[PDB]
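Given as structure tokens, the chain that follows is alone and in the form deposited in one PDB entry.
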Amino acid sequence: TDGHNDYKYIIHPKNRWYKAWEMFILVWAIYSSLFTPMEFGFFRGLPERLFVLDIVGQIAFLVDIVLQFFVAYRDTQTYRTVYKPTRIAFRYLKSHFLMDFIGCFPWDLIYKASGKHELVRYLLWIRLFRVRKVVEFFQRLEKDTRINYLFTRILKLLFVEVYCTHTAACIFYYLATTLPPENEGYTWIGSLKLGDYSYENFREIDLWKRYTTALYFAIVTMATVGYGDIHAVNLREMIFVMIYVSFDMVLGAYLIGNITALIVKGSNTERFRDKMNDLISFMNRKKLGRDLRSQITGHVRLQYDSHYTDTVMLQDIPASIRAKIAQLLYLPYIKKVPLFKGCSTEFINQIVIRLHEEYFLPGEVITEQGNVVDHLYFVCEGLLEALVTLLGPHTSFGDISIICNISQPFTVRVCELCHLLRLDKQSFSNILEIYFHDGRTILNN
């Protein structure tokens, strides 16, 4: 049914070893996309101590480049995995090969060996295409797990603001170095003074102090607090902050809208907790007794912990798996009454449709004597009494009266924890109207 593995060169994408390589390269992509604006903004050429780290950081991405010619992929309009080499290679060469290949050049060595022209350093910015691995990690997370999709959209949106503030801090520091050191007093950092400390001659301050000051400015700006102890003084800095606040206005509105859309679509538990209020306000706008309505409030409080299970599989998709699990679950404790002592298997797998499951309290009254019967009760386990018999597990009652349209002679009550099954004789009568092999064996008592 595969039609392939006649090649034995191609890697199945859901292999165990290949999924270990994919999480190795994601950490390198996270590190490489955080270091690149710091390399562009705070240096003009790397020092000697970062040479071997800069060389090692590209070998992993070159190995990842050569691996993509050996991976099978799943087609979109069809749903078969392609195992053919030329179809793999042409899809790679038309999608992602070019930027991945030219982001692996040694751009720090080319800058130092060609007379230190500043426009050569602008090609470092194409290494920010490596966040593709992070967006593919977030795309794979939201489909196949047990967490809802809106929470992952909030976490995905929260990851974007960290990256945007870090990049804005690096660019805001870089703009101050495009003036000569003799015009230092006309920049945002060369004229800064905080406490009794002066930021003059700022190119010789160590790296983490400058980075912390720039990140402090960017994070205070992004939250719209804006103290004003650090601000812009140039025209280029004014243009940069005018672009930056316009972007994060829309970003903050998107975050607020996503959190609101999460909260508005609340859960079903509070979709019946309000119904509690409507019912008891109806019961108390006029006057009424207190005892058996407190009984029915405890009843619905334990009943709504099971009644969400009804609507999800009433008839939403027409599966025969519900017939399989219905033969699996209910009637292996219902064959044991003499009611179904000799019914055909047609009626055993036909009965299962309207056995609704509800749980009850040790203080309710089960059935009435002066009654026309409505529901038939089918017990899982029980120690429940009646005042003439005490009904136990794997039993039933009520069918002594309903088909012959008689009142029940029993006053059935409870002292224990309940698991019984509903039955209306609407479905019993209409399919007993078709098949009566059972109906002979039901009235054979």
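Residue numbers here begin at 1 and follow the sequence given. Between two forms, the rigid core is defined as the largest C-alpha subset superposing within 1.5 Å.
The same protein also exists as the form deposited in another entry; that form is not shown, yet it is the one meant from here on.
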Can you tell me which of these residues, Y174, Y163, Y330, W107, is the one whose C-alpha shifts by at least 2 angstroms between this form and the one not shown after a rigid core fit? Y330
With a threshold of 2 Å on the C-alpha, tell me if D305 counts as moved between this form and the one not shown once the core is superposed. yes
On a core-based superposition, does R153 travel 2 Å or more at its Cα between this form and the one not shown? no
Core-aligned C-alpha movement of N371 between this form and the one not shown reaching 2 Å: yes
